[PDB]
Amino acid sequence: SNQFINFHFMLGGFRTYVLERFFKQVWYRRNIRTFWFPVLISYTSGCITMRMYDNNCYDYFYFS
Amino acid sequence: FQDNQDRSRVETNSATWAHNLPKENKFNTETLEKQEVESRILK
Amino acid sequence: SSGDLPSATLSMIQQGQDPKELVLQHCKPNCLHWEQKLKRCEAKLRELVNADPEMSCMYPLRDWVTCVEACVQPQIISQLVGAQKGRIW
Amino acid sequence: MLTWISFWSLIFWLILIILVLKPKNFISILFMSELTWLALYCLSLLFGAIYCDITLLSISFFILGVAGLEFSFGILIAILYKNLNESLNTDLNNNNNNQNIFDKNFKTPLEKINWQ
Amino acid sequence: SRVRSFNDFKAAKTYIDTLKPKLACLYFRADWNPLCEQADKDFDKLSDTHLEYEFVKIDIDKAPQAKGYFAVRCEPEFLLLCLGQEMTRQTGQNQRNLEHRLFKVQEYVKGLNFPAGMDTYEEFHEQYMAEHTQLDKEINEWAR
Amino acid sequence: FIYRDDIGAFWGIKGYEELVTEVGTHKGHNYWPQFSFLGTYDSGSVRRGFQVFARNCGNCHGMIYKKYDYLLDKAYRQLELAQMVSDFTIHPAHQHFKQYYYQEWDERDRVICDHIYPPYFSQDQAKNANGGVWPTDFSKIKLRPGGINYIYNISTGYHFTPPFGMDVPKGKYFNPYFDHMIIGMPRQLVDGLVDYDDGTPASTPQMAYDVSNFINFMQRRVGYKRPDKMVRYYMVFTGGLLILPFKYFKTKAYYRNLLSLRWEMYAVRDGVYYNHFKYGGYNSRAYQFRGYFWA
Amino acid sequence: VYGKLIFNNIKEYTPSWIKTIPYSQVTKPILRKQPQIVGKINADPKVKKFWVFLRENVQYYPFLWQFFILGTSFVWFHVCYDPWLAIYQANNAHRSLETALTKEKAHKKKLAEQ
Amino acid sequence: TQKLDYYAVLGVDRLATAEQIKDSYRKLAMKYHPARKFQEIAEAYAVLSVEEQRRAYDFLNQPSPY
Amino acid sequence: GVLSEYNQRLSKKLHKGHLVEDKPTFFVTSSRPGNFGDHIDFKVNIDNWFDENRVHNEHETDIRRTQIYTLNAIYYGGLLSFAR
Amino acid sequence: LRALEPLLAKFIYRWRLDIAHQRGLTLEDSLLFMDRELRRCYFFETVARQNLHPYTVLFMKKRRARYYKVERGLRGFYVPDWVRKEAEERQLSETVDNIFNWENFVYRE
């Protein structure tokens, strides 16, 4: 009852606080560094395999 | 909204390469301190 | 004042007629690629004296029909009674 | 290692970029403008040879003439800089603080501001 | 913090370069100036008061080379450095002005932003020598 | 994670390569008022659709799971619906569950609370009457490719010839929207077949649109209840969005306020040993660790 | 990070080689009243009067506070309910059974007097 | 409370000696000793009396002229 | 106004977005027991939120308590509307 | 392994070192006593209570707390330079001494 109701909420403004702190320091630094590489590899490989399987299906269905 | 208390513009920029600590304004009318003059006179 | 005035044009939907044949024969140029592919498939299947029953011109025709009705169906519905949009959205 | 056409187009535009880049000294800008005219001279000759066109060689010598007249004007304008109280470095002709210059410092011609 | 006293220039320089302080205050003193007696007490008081700086005192008489290395002109001198770069310099004896300079430098540095990997400590002369090879070297190659 | 579009399997769902499926929804956009944003059913459209169903479609198909009084308050009034339903007759053999309630033993006029039964007594009778095929029940016809668009497309789309290699036997017709493109339904909707009560011109697309609207209206989870539920979804979304700031205040601001502590550590050298640290400690899982772990 | 391992032969809670902070380097407390951080609305004496009244007459009676919470829930429901229903009903005015019946009656009158 | 200017309260300029501050406080204390204004005077003099406290107060202000 | 509050909060000096102390800071409780010696040379606090997180409303605290009750009541009212 | 040395140096040693320095810690706090040992490990607690002085685990916990008090309140926290410098003052040789001595003591006793 002797403190801020919302302390430190938007110090530095939208740009500094939200962009820098939230995105770069939390989201990127704590999540994307860890999984961007394996997730990218898995997504690309899955897309390639699905495309090959669909091409085999297309060859099965269409003879011309 | 126009704030008349803010009188800064591109004309008043006072960033110099030599001074690592930027000066208060762009008027180079800073005088020496009393102790510096006395010490140099003693020298 | 509009609504209390006579209508200048009477479409054939408003005459209780089906324009679907005209719309089909007008949406065909939009899907010439699929139509040509279906013709080529039919020509290829005709030449083979013996063919697997799994082989048919059914799928090229399915694609061509899909394209033609993609062109055709919405514009016929858009003129019907009860297909008007809402007052705001 | 680069084709001459692309090389010379890029050279002309890079010369213009470097002319803009360098500090605004009138003599330096004059020299770079002469270099720009010479690059145009070379490009015109190259295309004249490629396309078997005789008008571009004319462009070469007309560039020579235009550049000569422009250089004469530039020499006279610099000597005019002498007589007026102006510096050949234009960045020293204003009080706008510039971080690119180590020693830019101007103050009012007063010995002191306050008397009492 | 607490004043670190030095009489040898090499030892003091090695200590400062090993510490690599973010904010440092160097007090160069000599015995020719009678006012240096009060400057010692002022330096001690400000050192115990302030904890963000590292306070190093150098006796110029016992370490003359230090003077030449630090461009000391008129003792007593208080040199305020940030990451080894000269923030400011004060000549003479006055405690209020010294505290004001310390406060100003502290707040300005606290309001600063440094890109990652470019906030390392550097030696003093490193700033002078960087501009020397940029200006003085070429001038000496034209006149001589 | 990416699927082809030219193999006939929409979005990776396989099994429907033998018919046209995406016309209503994916390839082309058929507008239905009840499926738009803040849209609802058209009462006149549903009314005309029920008229079409009663006059033509109900002579072969049925909606066993549903009764006539679904149309109350949205398409018909009680009295007019009563006469219109009474235009048809029902039998005790029609009833799926003829308990003691249905004490009749002959034909009688239908009532609005009766299930919508076909004129046939049984599915086998329907098959026998319709040349071996059964007119499908419309109770759950929503689970067809493009749903309401499926009904509309089947009603239309009798304007093509089979390709080479496809043979259409007698009693069957070519329809690209039906499975295997061979259907046992002759073309039903002809121009001017049904005389509308409201005077709307009666064309084949109009009747197909109306009957599709009616059949979709009778459905569950997609008819006569979806629009109000979407409005409820919008209201709940607005409530959550407006309550987000107060949740942030309470939780995050309270935590940040509680974590604003001051800590001080001092030197204690009064000659007292830390016997409580050396000879202290409790563990609730000691009953598990004892006798087994670290002996 | 600080030093070698310490075993139980030291017998003192703070070992002699742990440095202490002299009192000259300790931050002294501030013993004066700082200006309040308040907004324009809450600095109004009328708003303070309202807060005092609300506290003393509703907050100090827990069941009255529960009635206050019920009122807040009522306001929440009506705020989230009324506008969506209003716009939804205004959007579909022309798609009503009353409009359909009006058209049917007009057509019936025309056909009768035809 | 609200932000307060101690030099304005004591009626002295920033570059004033300590004895000037004492004299100003005594002159203002003879008048309002027997509420809010006297409290402001007391707070300003308490802050400005100590050299360290006055220096710390002056550093944060960064005064403007006039 | 909200614009004014944003304007004051825009000028705060921070270290990579966090309001933390720029120097080591030590505090001593003057009324601490005599067996407690001096502060050990360990930086126990990086921040100063105990002093920075203040509104200085010690002359009116029940008002802030009532405001916190009101915010809690609004949150509970939304939850209770859904439960109803 | 000798051909793979630069990758291991970049992605194992330097990765953990950078994360620890950002948190204001060193490889001490991640390699001397594990996280699962400082909390809910009756064997480690018994050995520490029977042989160790309180300040070891206490100082490690104090560093963790001084970081996470700010981190929990406002996430994405980088310690200032005066904490990172204190962290960087400690080298890996003393950490190796501590780790080896602790492991040998635990085994032997």
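We call the chains A, B, C, D, E, F, G, H, I and J, going by the order they appear; numbering starts again at 1 in every chain.
Methods note: contacts are C-beta pairs under 8 Å (C-beta built on N, C-alpha and C of every residue); 3 or more make two chains touch, one makes a residue touch a chain.
Here's who's who by UniProt: C = Ubiquinol-cytochrome C reductase hinge protein; D = Ymf58; E = Thioredoxin; F = Cytochrome protein c1; G = Transmembrane protein, putative.
Undergrad: According to the touch definition, list the chains common to the neighbour sets of chain B and chain C.
TA: In this structure, no chain contacts chain C and also chain B.
Undergrad: Which chain pair shares more contacting C-beta pairs: G-I, or C-G?
TA: Higher C-beta contact count between the two pairs: G-I.
Undergrad: Averaging only over C-alpha atoms, locate the centres of chain B and chain J and give their separation in whole Å.
TA: 48
Undergrad: With chain centres defined as C-alpha means, what is the inter-centre distance between chain A and chain H in Å?
TA: Here the centre of chain H sits 59 Å away from the centre of chain A.
Undergrad: Using mean CA coordinates as chain centres, what's the gap between chain C and chain F in Å?
TA: Each chain reduced to its C-alpha mean, chain C and chain F end up 26 Å apart.
Undergrad: Centroid of chain E to centroid of chain G, CA atoms only: how many Å?
TA: 53
Undergrad: Give the residues of chain B touching no fewer than two other chains, as numbers and ranges.
TA: none
Undergrad: Could you list which residues of chain I touch at least two other chains?
TA: 15-18, 22-25, 27-28, 37-40, 42, 44-45, 49, 52-58, 62, 65, 67, 71, 74, 78, 81
Undergrad: List, in ascending order, every residue of chain A touching at least 2 other chains.
TA: Expected reply: 3-5, 7-9, 21, 25, 61.
Undergrad: What chain pairs are in touch here?
TA: A-C, A-F, A-I, A-J, B-D, B-E, C-F, C-G, E-G, E-H, E-I, E-J, F-G, F-I, F-J, G-H, G-I, G-J, I-J
Undergrad: Contact residues on chain J for chain A in the complex?
TA: It comes out as residues 73-78.
Undergrad: Show me the residue ranges of chain E that touch chain J in the complex, using the header's touch definition.
TA: 20, 22, 52, 119
Undergrad: Could you pull out which chain F residues touch chain G in their complex?
TA: Against chain G, chain F makes touches at 33, 38-44, 47, 73-75, 197-199, 231, 234-236, 238-239, 242-243, 267-269, 271-274, 278.
Undergrad: Any idea which chain E residues touch chain B in the complex?
TA: 33-35, 74-76, 82, 85-88, 90-94, 97, 104-105, 108
Undergrad: If we count contacts the way the header does, which residues on chain F are in touch with chain A in the complex?
TA: Interface residues on chain F, with respect to chain A: 1-4, 6-9, 17, 249, 253, 256-257, 260.
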